[PDB]
Amino acid sequence: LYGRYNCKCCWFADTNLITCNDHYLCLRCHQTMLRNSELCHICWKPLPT
Amino acid sequence: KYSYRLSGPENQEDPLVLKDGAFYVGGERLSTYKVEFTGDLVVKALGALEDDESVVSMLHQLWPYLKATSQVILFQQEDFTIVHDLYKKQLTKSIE
Amino acid sequence: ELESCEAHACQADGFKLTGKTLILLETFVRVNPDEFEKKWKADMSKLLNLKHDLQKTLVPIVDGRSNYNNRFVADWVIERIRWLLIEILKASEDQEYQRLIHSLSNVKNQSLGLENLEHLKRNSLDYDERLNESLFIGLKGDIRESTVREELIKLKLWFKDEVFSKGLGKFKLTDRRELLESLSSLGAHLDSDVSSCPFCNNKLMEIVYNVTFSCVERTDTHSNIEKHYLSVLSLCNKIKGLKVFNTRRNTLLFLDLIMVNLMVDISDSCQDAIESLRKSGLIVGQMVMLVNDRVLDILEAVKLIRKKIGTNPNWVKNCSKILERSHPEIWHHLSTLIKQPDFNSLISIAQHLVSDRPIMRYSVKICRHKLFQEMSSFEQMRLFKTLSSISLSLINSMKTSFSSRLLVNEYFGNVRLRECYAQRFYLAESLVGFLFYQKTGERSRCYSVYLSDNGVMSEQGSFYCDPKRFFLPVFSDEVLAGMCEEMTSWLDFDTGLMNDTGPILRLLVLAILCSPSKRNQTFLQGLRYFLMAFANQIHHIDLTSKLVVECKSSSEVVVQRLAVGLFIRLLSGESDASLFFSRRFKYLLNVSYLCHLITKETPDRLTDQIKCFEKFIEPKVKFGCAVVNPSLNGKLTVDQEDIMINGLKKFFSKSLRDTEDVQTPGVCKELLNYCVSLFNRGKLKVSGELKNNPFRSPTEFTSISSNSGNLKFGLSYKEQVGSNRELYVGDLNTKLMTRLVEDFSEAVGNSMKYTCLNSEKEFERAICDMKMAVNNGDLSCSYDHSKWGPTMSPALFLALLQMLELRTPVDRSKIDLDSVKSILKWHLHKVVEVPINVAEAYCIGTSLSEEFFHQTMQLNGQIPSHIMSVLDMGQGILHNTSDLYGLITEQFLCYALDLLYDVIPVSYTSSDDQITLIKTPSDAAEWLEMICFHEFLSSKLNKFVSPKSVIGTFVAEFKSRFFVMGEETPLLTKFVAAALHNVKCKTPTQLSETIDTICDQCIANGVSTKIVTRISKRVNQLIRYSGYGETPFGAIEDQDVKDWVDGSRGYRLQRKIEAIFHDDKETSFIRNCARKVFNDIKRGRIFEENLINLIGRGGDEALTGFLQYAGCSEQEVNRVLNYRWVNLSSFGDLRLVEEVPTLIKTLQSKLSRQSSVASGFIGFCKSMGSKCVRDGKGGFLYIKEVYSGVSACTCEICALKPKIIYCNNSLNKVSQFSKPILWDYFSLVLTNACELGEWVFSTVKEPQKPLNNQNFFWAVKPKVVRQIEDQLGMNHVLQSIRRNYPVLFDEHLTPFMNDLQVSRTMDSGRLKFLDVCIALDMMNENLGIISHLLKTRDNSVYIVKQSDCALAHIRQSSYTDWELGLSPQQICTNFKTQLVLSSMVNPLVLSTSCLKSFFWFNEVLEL
Amino acid sequence: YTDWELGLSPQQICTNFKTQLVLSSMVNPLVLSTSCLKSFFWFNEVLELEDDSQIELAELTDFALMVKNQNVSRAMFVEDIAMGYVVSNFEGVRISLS
Amino acid sequence: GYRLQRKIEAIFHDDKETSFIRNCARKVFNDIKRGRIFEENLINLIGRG
RNA sequence: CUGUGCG
Ligand SMILES: [Mn+2]
Ligand SMILES: [Zn+2]
Ligand SMILES: [Zn+2]
Ligand SMILES: [Zn+2]
Ligand SMILES: [Zn+2]
C-alpha cells in the first residue's frame, strides 16, 4: 500500500497527487524536484515522467 | 636441536626463505619439491586471498613453478570457466 | 549497652565529665533498619534539643547496634536468653507481648510487612468512619453497560450544545498564520530598546568578539625560557599544597620569593629577557604571575618581600631547610630560595614595565561589530575557539583553591587589580589572554578578560558569570561547528535558505553558549511545543500562554529574537514556504532541543529550592487543604481532621454538568463509577482478570499511621532541562511502603496491556503502532498532563481500588486490597518536610508560598515545618499506581470515544504523557469536538490535559520521541549535548567507556560519523588536558558506521589499535595468530584452561606463551614485544579522591537489584595531577614522574605514534609501567571473535569510489554472528569464575549470596568461550566483554545515512581453510551413501536411532 | 574407524598443506620458520597420531615440532645425509688444574 | 573394566542390544574426543542415577 | 580534599 494520500514533501497536500515510487506527491513539488535533478530526495528514486 | 648449546660466538644468522617453492638460503636456489593441486585446489586457493594484485602475483608465479612440476590433471573444463572469473589473460600468456 | 559503648571509651545513658565539657553517649538496639533509623533520629533530636539549654558544650554520641553482638564469653548467653524469655512470655500484655517478638527474629521473619499482613490491630480511632464516608459514599462499581452508554450519549449531547457550541472548548485549529504572528509577538520583542546585535547585549559575547577580532587581525630560545618559567611555577605549585610550612601566608610569601628570585636570575644572563619573552609570554602590566593562579604587582611583591625578612631575619635559611628536609626531590630550586632577591634590580625591572593595571569593570551605543551574518567561514570558527578557550579558563578559575589576600583592600564601580587570580589561555604565537578574578570556590564571579600581544595589555572587557555553567564549549569548538554544519546541510533542498539559516543558527548557538540560563532552556522547550502544535492541526488554546518566558535581561531577549527569527524564516511565507517540511520540522526540532546545550545544575540552589517549595505548596493553598505540623505521630486534632475531610469532599464534589470546574484538582464520582464499572465487566481493552497476583515498631496501625512514623517524606528538586522536577526523599519505613505499592501496581500493570512505563516490549509496540498510524494518516494525539504529581491524590487511588475487581488467574475470588488500601490511606496522610533552607529564607523575608508562610508563622500556630494534604501525590512515590489509574481511565476514555464518535482509538500511557492513535472512519475540523469532549472528560477526572498537548495527523510524540510520516526525527542536538554534557570523569577508562556508549546510542539515532569523531577528539583532548596523556585506548577517532553497527567497544579499540599500526604487517600477524588459536579452541581439540594458567602471569609472559602456540621463535616474539605503551593503571587503579578486577565489580553491581559536571571535571583534572599512579609497593607517584623516565628513542618504532607507542629499551628507566600493546590487541581480537564472530580476523578493504546527498537515511541491523550461546546468564559467568578462580570466587565474591546452589549444580556447565574469553576480561581492565555479554544491544537498530554505508570499510569473515575442509556437498552425499549401504545389509527402521548413531551425520553441524 | 576411511585420507591432508604452503609462498618471500608453518590452517600434521608419513621433505622439522622446538631455519637437506659421512678431524688440548 | 564388559557381553548372547549400546558409546566418544561441546553437561546428566 | 594541565 502507498502512503496516506499526502505529498510527503510539503506535508500539506491531499489533491490530485501522483505517486513517486511508494508514496504520493503533488504537482508543484514534483515539478520543483524534477526541474533541478532526476532524484526524488524523499524516497531517493528516479521521478516518474 | 638447532641450539648452539648455551654458548657460541655466532648465533641467529643464515635465514632460510621461500619465494617460488624453492629454498633460498641467501639467494641461491637449492631445489623445488613436487606438489600436486589438480586445478580445483588451485582455484580454491585463489578464492580465499587478500586483493587483486596478490592474485596477479600468485597466478603469474604459478606456471614458472609448474615448470618444476608435472601436473596436467587440472580439469580443462567448466572448472576453467569458473577460474575465468579472474581475468588474468596476460598471466597465462606470459609463460607461453 | 555496656558491650556497645565499651567500643567507644564509655562508662557503665553514659556520662563522661572532664573539666568544663561533658560527653553524653546514648545507645539503643534495634535489629530492623526502619526502627533503627527511627530511634537514631529520635535520639539525635532529643539530645540536640538539650545543648540549646545547656549552652546558655556537650559531645553527643548515639550508638545504634543493629544486632545483639557481645564480647563477654562467646555468642552463647545473648540470643538463647532472649529466646527462652519470650518462651516464658508465651507460657505465661497484648501489644508489647507482640512487640517483644516482632522486634527480633532476624530482620524479616514475621516482621517485614509485605502486602499480606493486615494483622496488627485493624482498629478505629473515631476518624476512619468519617474518612470512609467522605471517600467511599458514591462508589457503586456494579453499574450496567447500557445505562453507562446512554448516560454517555446524553453527556455528549449536553457537551456539544453547552460547552462546545458556546466556544468554551480547550482545543482549536492551528491557523498557522496566526500561530506565526503569535510567535513573533511573544518571542520577537518589538517594544524593547535592546539592540539588534548579540555582542552589544551579551557582555560575554562582546568579550569573545573582541578577543577573536583582536587575535585574528593582529597576529593570527623564543619558547625556551617560557617553558622554564612554567616548569618552576609547576614545581612551586607542587609545594603549595603539601603544608610544608606553618601558616598559609608564609607559604605564599616564600613562593613569591622563589618566583621573584627566578625573575632576577632570568633578567641577567640574557640580552633582553623580560622585554622579549615575558611581554610575549606570561607577564602583565607591572604584575607577575605566581602560584595558586595569582598575579601580584611586582612593586607590592617586593614590598611584601621586604617584610618577613627585615622584621624576621634569618627566615630564608630555615624556610629552605624545612623544605629540603621535607622533600628532597623538588630541590631543583638551586638559586631561587636564596637571600635578598636583588631589590634594586627588582625596582629597575618594575620601573621598566610600567603599564596600566586591569580595571575590573564592576558596573554593567555604537555597533561596530561587523554584522556577524556577513562574516567569513573562518571568523566564526575563531569565535567558537575563543569561546572554548575562555570557557576552559572559567573552569580553571573554578579550580583555584581558597587562598588568602596578602594586600589590604580599599567592588563598587572599579577595582585596580593587584591581588587577583588569573587564568592564562594561549591564543596565538605572540598574544595570550588573561582572565582575572578576585573570588574562589564554585560561586558566580565577575571576571575580566585582557589580552597581551607583545606586552601591551589591552582590555578586552569584563563580565559576570557562573563558572560551572560553561563546561560544554570547553573543547567542543569543532563538535558544535559540525552540528551546525549538518543542520544547515539538512536544508540543502533550497539553495539560499540554508545560506540565511546557517549564520543565524551559528549565532544562536553562540548566544546560547555564552548565556546558559534556565530561561533560555524553557523558551526553547516552548518553541519545541510550538513546532509540535504547528505541524499538526489541533492544539490547545493556552499554548502561546505557556511559551512566554520573562527575559529579565537582554541576553535572553537576543536569543529569543534569534530563535523566533529562525522559526519564522523556516515557516513564514504564502506558497513557497513549506517545500521540504520534513527537513524543516527536523531542523526546528533540533533547534528547539538545543536547550540541552545549556547545563541543568540549578544556578542558585536556594532559589530553586524556594521555587520547588512554591510549586509543591501552591496547589494545596489554592485547593484548601494545607494542614501544617498535624501530629508527626498520626493523631490529628479536630481542626486538622475537619480540614482533611473538607479537602476530600472538595476533591470528590465535581459534577458532570459543570464547565467552571475543569481546572481545579478533583475527580467526578459518577464518571469514576462508570470507569470502574466498564473496567470490571471486561468492557475496556484492559481487564480485571489479572495473573501472577502481586501479593508477595509497626504494632498498631490505622488510616493515618502505624505508630512507626507518619510516612514522612522530605521535599527537594531534581535538575531537569525545562523546570526542576519535584523529588521526595522518604525514610526507611515509608520508602518500604512506597516500594510495596510500586510492586503491587507494577505487577498489576504487567497484567495489563497498554501501559508502557517499565515494559520495553509494550513501549516498542506503541512505537510501531504510532509509526504505522502516522504513516496511514491516523489522528495521533500526543497528550501531556499538567501538574500530574501536584494534583494526583492517594484518595483517588483509594476510590479507584475500592471497587476494582482485580480477579485472580486461577482462583477467581476478587482478592481483597485491604492492605493496599491501608497503605494508600497512609499515603493520604503523608507528611512532607519542607526544606530547612527554604524556611530560613522565608523567615528573613510577593509570593503565594511566602504569603502562606507569613500567615502560618505566628498567626495560627508556630513556624511551618511539615505539610500534609489530600492531593499532590509525590512524583516518583506512587508512579506505577498513577500509571495504573491513568491507563484504566484512558481505556475508559477510548471506549467512550468509540461509543460516541464511532472511531477506533488505541492509547499508550506513561503516567506522565500519553499518545492516542485514533483511526477515523470514512482537515481535522470535524474531530475538534471529539478532542474537546475527551479533554473535558479527562478534566472531570484528575487528568488535566496540559496545553503542551497536540492533536494532528502529521507528527506524533511519546517519551521525547517524535515520529514523522515515513521516518523519525533523529534529535541530533539532544544526543550531541548529552555527549558533551554528563561527563562523569572518575577514571579515564570509565570516561571513555561512557562516552563510547553515548556515541553508539547517538549514531543509532542517526547523528553523524563526522560529529562523533569530533566528540571523540574532544574527549581525548579532555583526557590529555588532565595530565593523563594519550593512551592507545580511549575515544575512537576516525571511525566508521561499521565500528558501531555490528561492532562493540572491543571492536572499536581493535580498530583504534589497527589505525595506530598503519601498513599492518604486525597487527596482521597478531590477527593471524589469534585466528589460529581460535580455530584450535573453537574447532574443539584441547584448549580450555591451560590458557588461564598462561594468562594469569600478565601481559608479557601471556603474549609470549600465546605466541609459542604459533611458530613465534625468540626472533618474532621479541619483534612483537617491542611495541610498548605506558600503562598508568598497571598495578591496580589510579588513586583519586586487594584491587580486584572491574569484572567482579560489575558482577556485584548486576547481582544486587548533585555535583555539577564541571565540578566533576575539575576534580578529575585535580586528582590526575596528584599522587595517583601506584608503583605496587603502596607509594603513589605523579604521572609527570612516570612520563619523565622516557627517552628519545626515534628508531622508527617509537615514531609511528608519538607519546603513545614506545620501544622496549625506551622504557628502561621506568619498566614497571610497560605493557605490550600487541598483547592487548591479541586479547581484543580474541574477545571480538567471541562476541561478534570471525570477521574480526580479515584485513580491511575499502570501497573504491562510493553520491547519497548526505540525507539518504535508513535503518540497518547489526550483522553480528555471535557464538556465545546467545544466553550468557549470570549463573554461567559466576560458575565459570568459581571453576577457574576459586580463591577469587570465595573471597571478594559471593558473600552476599543465597542462590549458590543453582550456581553450583552445573547450570549449563562449561559454556563455550567462557574460560579464556573471561580471563581476557578479568586481566584486562579496559577490555570489558562480559559486561557486554551480560546485556542487550540496547539499540537493535541503527538509523544511518547511506553516505556513510557507501564509505563503510568492507571486512567480512573468510574461511581459513580455503574452502577445503569437506565441501559440505561431500558431507551430505557421504552420509547418504553410508545410510544406503548400511541399509542394504539388513532391514533397519528409519528412526532417529539409525540416523544419530551414524558417524557422517554431521548435518547437526554446519550452521 | 567409524568414518569408513572417509575423514580426510591423510595423504590429502599433507598434499593440501603442501599446496597451501607453496601457493602462499608464491605471493611474497616468506621465511620458512615455524611461524609460517604453525600459523597455517592445514598444518594438522601435529594431529594424526600415526605420524609414519609426513608431507614431502620436512619430516625432521615436523618430528622436532613433536618435541615443540623453537628453531627457525638451517640447511634442512637431509637427502644428502648431514648426520652421516662427516669428517672426523678430532683432537684435544691441554688442561688447567683447578 | 574390560573383563566386566566381556562378562556382560557373555550375558548378552547374540549381541543385538549390547552392540547397540556399544554403538551409542562410540557415537558419544566420537562426539567428546573429536572435541565439539561435551565436558560437564554429562556430569549433570549422570548424577541422577 | 588539594590542580599547573589549551601551543
Ligand atoms: Mn507526550
Ligand atoms: Zn507538495
Ligand atoms: Zn518519491
Ligand atoms: Zn553591536
Ligand atoms: Zn623506538
# chains A, B, ... in the order shown; residues from 1 in each chain; ligands from 1
>>> residues_around(residues="stretch 12-16 of chain D", least_positions_apart="4", cutoff="9 Å", atoms="only C-alpha atoms (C1' of nucleotides)", output="mmCIF file with N, CA, C and O atoms, in the first residue's frame")
data_model
loop_
_atom_site.group_PDB
_atom_site.id
_atom_site.type_symbol
_atom_site.label_atom_id
_atom_site.label_comp_id
_atom_site.auth_asym_id
_atom_site.auth_seq_id
_atom_site.Cartn_x
_atom_site.Cartn_y
_atom_site.Cartn_z
ATOM 1 N N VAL B 35 54.692 -30.780 -5.813
ATOM 2 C CA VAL B 35 53.400 -30.637 -5.147
ATOM 3 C C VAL B 35 52.317 -30.646 -6.217
ATOM 4 O O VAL B 35 52.419 -29.929 -7.217
ATOM 5 N N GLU B 36 51.285 -31.462 -6.013
ATOM 6 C CA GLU B 36 50.171 -31.573 -6.945
ATOM 7 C C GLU B 36 48.951 -30.854 -6.384
ATOM 8 O O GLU B 36 48.729 -30.845 -5.170
ATOM 9 N N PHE B 37 48.162 -30.253 -7.275
ATOM 10 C CA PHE B 37 46.990 -29.492 -6.856
ATOM 11 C C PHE B 37 45.751 -29.874 -7.659
ATOM 12 O O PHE B 37 44.624 -29.697 -7.186
ATOM 13 N N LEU B 41 42.072 -27.484 -6.409
ATOM 14 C CA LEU B 41 42.746 -26.925 -5.247
ATOM 15 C C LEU B 41 43.362 -25.569 -5.570
ATOM 16 O O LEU B 41 43.375 -24.673 -4.718
ATOM 17 N N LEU C 1364 38.355 -25.920 1.796
ATOM 18 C CA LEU C 1364 38.949 -27.233 1.606
ATOM 19 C C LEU C 1364 38.581 -28.239 2.684
ATOM 20 O O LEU C 1364 39.031 -29.388 2.605
ATOM 21 N N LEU D 8 39.578 -37.593 5.968
ATOM 22 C CA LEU D 8 40.322 -36.736 5.059
ATOM 23 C C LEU D 8 41.349 -37.474 4.212
ATOM 24 O O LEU D 8 41.943 -36.848 3.331
ATOM 25 N N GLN D 20 48.956 -25.415 0.054
ATOM 26 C CA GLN D 20 48.737 -24.131 0.711
ATOM 27 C C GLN D 20 50.059 -23.420 0.960
ATOM 28 O O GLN D 20 50.190 -22.221 0.690
ATOM 29 N N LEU D 21 51.057 -24.152 1.458
ATOM 30 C CA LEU D 21 52.356 -23.552 1.736
ATOM 31 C C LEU D 21 52.986 -22.998 0.466
ATOM 32 O O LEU D 21 53.481 -21.866 0.449
ATOM 33 N N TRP D 42 46.008 -25.811 7.429
ATOM 34 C CA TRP D 42 46.152 -27.231 7.123
ATOM 35 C C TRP D 42 47.374 -27.843 7.737
ATOM 36 O O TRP D 42 47.733 -28.961 7.350
ATOM 37 N N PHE D 43 48.034 -27.170 8.674
ATOM 38 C CA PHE D 43 49.120 -27.794 9.414
ATOM 39 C C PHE D 43 48.553 -28.666 10.526
ATOM 40 O O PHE D 43 48.881 -28.482 11.702
ATOM 41 N N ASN D 44 47.687 -29.608 10.160
ATOM 42 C CA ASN D 44 47.178 -30.609 11.087
ATOM 43 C C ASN D 44 48.121 -31.792 11.237
ATOM 44 O O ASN D 44 47.719 -32.822 11.788
ATOM 45 N N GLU D 45 49.358 -31.666 10.752
ATOM 46 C CA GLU D 45 50.334 -32.735 10.904
ATOM 47 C C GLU D 45 50.661 -33.003 12.364
ATOM 48 O O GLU D 45 51.117 -34.103 12.695
ATOM 49 N N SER D 53 54.068 -40.903 8.133
ATOM 50 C CA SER D 53 54.186 -40.239 6.839
ATOM 51 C C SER D 53 53.982 -38.742 7.016
ATOM 52 O O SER D 53 52.897 -38.303 7.412
ATOM 53 N N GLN D 54 55.019 -37.966 6.721
ATOM 54 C CA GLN D 54 54.935 -36.517 6.689
ATOM 55 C C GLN D 54 54.839 -36.056 5.236
ATOM 56 O O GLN D 54 54.673 -36.865 4.317
ATOM 57 N N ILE D 55 54.943 -34.746 5.013
ATOM 58 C CA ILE D 55 54.414 -34.169 3.783
ATOM 59 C C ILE D 55 55.222 -34.556 2.546
ATOM 60 O O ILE D 55 54.769 -35.383 1.747
ATOM 61 N N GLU D 56 56.416 -33.988 2.362
ATOM 62 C CA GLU D 56 57.293 -34.493 1.312
ATOM 63 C C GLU D 56 58.754 -34.556 1.735
ATOM 64 O O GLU D 56 59.448 -35.544 1.469
#
>>> interface_residues(of="chain D", to="chain E", cutoff="12 Å", atoms="only C-alpha atoms", output="PyMOL selection string")
chain D and resi 1-3+7+47
>>> residues_near_ligand(ligand="ligand 2", cutoff="8 Å", atoms="only C-alpha atoms (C1' of nucleotides) and all ligand atoms", output="list in words")
residues 6, 7, 8, 9, 10, 11, 12, 13, 25, 26, 27, 28, 29 and 30 of chain A; 579 of chain C
>>> residues_around(residues="residue C:456", least_positions_apart="6", cutoff="8 Å", atoms="only C-alpha atoms (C1' of nucleotides)", output="ChimeraX atom specification")
/C:279,285,355
>>> residues_around(residues="residue B:59", least_positions_apart="3", cutoff="12 Å", atoms="only C-alpha atoms (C1' of nucleotides)", output="ChimeraX atom specification")
/B:20,42-43,45-47,49,52-56,62-66,83,86-95 /D:23-27
>>> write_last_selection(atoms="N, CA, C and O atoms", output="short mmCIF file (atom, residue, chain, number, x, y, z; two decimals), in the first residue's frame")
data_model
loop_
_atom_site.label_atom_id
_atom_site.label_comp_id
_atom_site.auth_asym_id
_atom_site.auth_seq_id
_atom_site.Cartn_x
_atom_site.Cartn_y
_atom_site.Cartn_z
N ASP B 20 59.52 -19.06 -4.61
CA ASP B 20 58.78 -19.74 -5.66
C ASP B 20 58.79 -21.24 -5.43
O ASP B 20 59.05 -22.02 -6.35
N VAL B 42 43.83 -25.38 -6.81
CA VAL B 42 44.40 -24.10 -7.21
C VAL B 42 43.34 -23.00 -7.14
O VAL B 42 43.57 -21.92 -6.59
N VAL B 43 42.15 -23.26 -7.70
CA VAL B 43 41.12 -22.23 -7.70
C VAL B 43 40.55 -22.04 -6.30
O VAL B 43 40.18 -20.92 -5.92
N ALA B 45 42.33 -22.18 -3.65
CA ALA B 45 43.30 -21.28 -3.05
C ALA B 45 43.13 -19.86 -3.57
O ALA B 45 43.23 -18.89 -2.81
N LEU B 46 42.87 -19.72 -4.87
CA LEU B 46 42.66 -18.40 -5.46
C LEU B 46 41.47 -17.69 -4.85
O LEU B 46 41.45 -16.45 -4.78
N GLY B 47 40.46 -18.44 -4.42
CA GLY B 47 39.27 -17.81 -3.86
C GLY B 47 39.55 -17.03 -2.60
O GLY B 47 39.21 -15.85 -2.50
N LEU B 49 41.79 -15.06 -0.78
CA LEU B 49 43.00 -14.25 -0.88
C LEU B 49 42.67 -12.84 -0.38
O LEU B 49 41.59 -12.60 0.17
N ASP B 52 43.55 -7.85 -5.41
CA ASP B 52 43.72 -8.20 -6.82
C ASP B 52 45.18 -8.46 -7.16
O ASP B 52 45.51 -9.47 -7.78
N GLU B 53 46.07 -7.55 -6.75
CA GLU B 53 47.48 -7.69 -7.13
C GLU B 53 48.11 -8.92 -6.49
O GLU B 53 49.04 -9.50 -7.06
N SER B 54 47.63 -9.33 -5.32
CA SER B 54 48.09 -10.59 -4.74
C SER B 54 47.73 -11.76 -5.65
O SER B 54 48.55 -12.65 -5.88
N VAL B 55 46.49 -11.77 -6.16
CA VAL B 55 46.09 -12.80 -7.11
C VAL B 55 46.96 -12.74 -8.36
O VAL B 55 47.36 -13.78 -8.90
N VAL B 56 47.27 -11.53 -8.82
CA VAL B 56 48.10 -11.38 -10.01
C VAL B 56 49.47 -12.00 -9.79
O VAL B 56 49.97 -12.77 -10.62
N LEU B 62 52.81 -18.99 -10.95
CA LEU B 62 52.35 -20.37 -10.90
C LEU B 62 53.01 -21.23 -11.98
O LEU B 62 53.69 -22.21 -11.67
N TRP B 63 52.80 -20.88 -13.25
CA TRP B 63 53.37 -21.67 -14.33
C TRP B 63 54.90 -21.71 -14.31
O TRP B 63 55.46 -22.75 -14.69
N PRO B 64 55.62 -20.65 -13.93
CA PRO B 64 57.06 -20.82 -13.69
C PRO B 64 57.36 -21.89 -12.66
O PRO B 64 58.36 -22.62 -12.79
N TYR B 65 56.52 -22.02 -11.62
CA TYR B 65 56.68 -23.12 -10.68
C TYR B 65 56.22 -24.44 -11.29
O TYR B 65 56.80 -25.49 -11.00
N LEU B 66 55.17 -24.40 -12.12
CA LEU B 66 54.72 -25.61 -12.80
C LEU B 66 55.77 -26.14 -13.76
O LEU B 66 55.71 -27.32 -14.14
N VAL B 83 37.33 -20.52 -13.11
CA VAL B 83 38.56 -19.79 -12.84
C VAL B 83 38.63 -18.52 -13.68
O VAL B 83 39.25 -17.53 -13.28
N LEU B 86 38.62 -14.58 -12.71
CA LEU B 86 39.79 -13.73 -12.54
C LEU B 86 40.41 -13.53 -13.92
O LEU B 86 41.19 -14.36 -14.39
N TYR B 87 40.05 -12.42 -14.57
CA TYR B 87 40.53 -12.16 -15.92
C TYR B 87 41.99 -11.75 -15.91
O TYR B 87 42.31 -10.56 -15.81
N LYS B 88 42.88 -12.73 -16.03
CA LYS B 88 44.33 -12.54 -15.99
C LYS B 88 44.97 -13.14 -17.23
O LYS B 88 45.93 -13.91 -17.16
N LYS B 89 44.41 -12.79 -18.40
CA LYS B 89 44.89 -13.36 -19.66
C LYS B 89 46.37 -13.08 -19.89
O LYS B 89 47.05 -13.89 -20.53
N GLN B 90 46.87 -11.95 -19.39
CA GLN B 90 48.30 -11.66 -19.53
C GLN B 90 49.14 -12.69 -18.78
O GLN B 90 50.21 -13.09 -19.25
N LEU B 91 48.66 -13.14 -17.63
CA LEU B 91 49.44 -14.04 -16.79
C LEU B 91 49.59 -15.41 -17.43
O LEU B 91 50.70 -15.98 -17.45
N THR B 92 48.50 -15.97 -17.96
CA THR B 92 48.56 -17.26 -18.62
C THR B 92 49.23 -17.19 -19.99
O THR B 92 49.63 -18.23 -20.52
N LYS B 93 49.36 -15.99 -20.56
CA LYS B 93 50.05 -15.80 -21.82
C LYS B 93 51.46 -15.27 -21.63
O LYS B 93 52.12 -14.90 -22.61
N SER B 94 51.95 -15.22 -20.39
CA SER B 94 53.30 -14.75 -20.11
C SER B 94 54.32 -15.88 -20.11
O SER B 94 55.45 -15.70 -20.57
N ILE B 95 53.94 -17.06 -19.61
CA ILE B 95 54.86 -18.19 -19.59
C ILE B 95 55.00 -18.79 -20.99
O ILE B 95 56.04 -19.39 -21.30
N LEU D 23 51.53 -22.21 -2.51
CA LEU D 23 50.77 -21.14 -3.14
C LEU D 23 50.72 -19.88 -2.29
O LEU D 23 50.46 -18.79 -2.82
N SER D 24 50.97 -19.98 -0.98
CA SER D 24 51.13 -18.80 -0.15
C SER D 24 52.55 -18.26 -0.19
O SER D 24 52.76 -17.06 0.01
N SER D 25 53.53 -19.13 -0.45
CA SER D 25 54.89 -18.67 -0.67
C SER D 25 55.00 -17.91 -1.98
O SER D 25 55.73 -16.92 -2.08
N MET D 26 54.27 -18.35 -3.00
CA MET D 26 54.34 -17.67 -4.29
C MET D 26 53.39 -16.48 -4.34
O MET D 26 52.65 -16.32 -5.32
N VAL D 27 53.39 -15.65 -3.31
CA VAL D 27 52.74 -14.35 -3.37
C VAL D 27 53.66 -13.31 -2.75
O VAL D 27 53.49 -12.10 -2.96
#
>>> residues_near_ligand(ligand="ligand 4", cutoff="9 Å", atoms="only C-alpha atoms (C1' of nucleotides) and all ligand atoms", output="ChimeraX atom specification")
/C:195-201,206,365-371
>>> closest_residue(among="E:22, E:4, E:10, E:35", to="chain C", atoms="only C-alpha atoms")
E:35
>>> closest_residue(among="A:45, A:3, A:22, A:39", to="chain C", atoms="only C-alpha atoms")
A:3
>>> decode(residues="stretch 9-39 of chain D", atoms="C-alpha atoms", output="PDB file, in the first residue's frame")
ATOM      1  CA  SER D   9      42.590 -39.526   3.706  1.00  0.00           C
ATOM      2  CA  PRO D  10      45.737 -38.078   5.377  1.00  0.00           C
ATOM      3  CA  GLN D  11      47.555 -38.200   2.042  1.00  0.00           C
ATOM      4  CA  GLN D  12      45.107 -35.459   1.073  1.00  0.00           C
ATOM      5  CA  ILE D  13      45.879 -33.689   4.361  1.00  0.00           C
ATOM      6  CA  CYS D  14      49.601 -33.489   3.646  1.00  0.00           C
ATOM      7  CA  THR D  15      49.224 -32.623  -0.037  1.00  0.00           C
ATOM      8  CA  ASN D  16      46.735 -29.859   0.816  1.00  0.00           C
ATOM      9  CA  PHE D  17      49.124 -28.441   3.405  1.00  0.00           C
ATOM     10  CA  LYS D  18      51.966 -28.562   0.874  1.00  0.00           C
ATOM     11  CA  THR D  19      49.817 -26.835  -1.742  1.00  0.00           C
ATOM     12  CA  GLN D  20      48.737 -24.131   0.711  1.00  0.00           C
ATOM     13  CA  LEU D  21      52.356 -23.552   1.736  1.00  0.00           C
ATOM     14  CA  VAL D  22      53.596 -23.340  -1.859  1.00  0.00           C
ATOM     15  CA  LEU D  23      50.765 -21.139  -3.138  1.00  0.00           C
ATOM     16  CA  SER D  24      51.127 -18.796  -0.153  1.00  0.00           C
ATOM     17  CA  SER D  25      54.890 -18.667  -0.669  1.00  0.00           C
ATOM     18  CA  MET D  26      54.339 -17.672  -4.288  1.00  0.00           C
ATOM     19  CA  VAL D  27      52.736 -14.348  -3.371  1.00  0.00           C
ATOM     20  CA  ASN D  28      55.640 -12.934  -1.328  1.00  0.00           C
ATOM     21  CA  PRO D  29      59.009 -14.078   0.072  1.00  0.00           C
ATOM     22  CA  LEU D  30      58.432 -15.670   3.473  1.00  0.00           C
ATOM     23  CA  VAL D  31      60.810 -17.205   5.987  1.00  0.00           C
ATOM     24  CA  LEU D  32      60.463 -20.980   6.299  1.00  0.00           C
ATOM     25  CA  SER D  33      60.410 -20.860  10.089  1.00  0.00           C
ATOM     26  CA  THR D  34      57.787 -22.456  12.316  1.00  0.00           C
ATOM     27  CA  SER D  35      55.865 -19.164  12.161  1.00  0.00           C
ATOM     28  CA  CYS D  36      55.000 -19.786   8.503  1.00  0.00           C
ATOM     29  CA  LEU D  37      54.118 -23.392   9.405  1.00  0.00           C
ATOM     30  CA  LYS D  38      52.182 -23.296  12.685  1.00  0.00           C
ATOM     31  CA  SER D  39      50.128 -20.284  11.535  1.00  0.00           C
TER      32      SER D  39
END
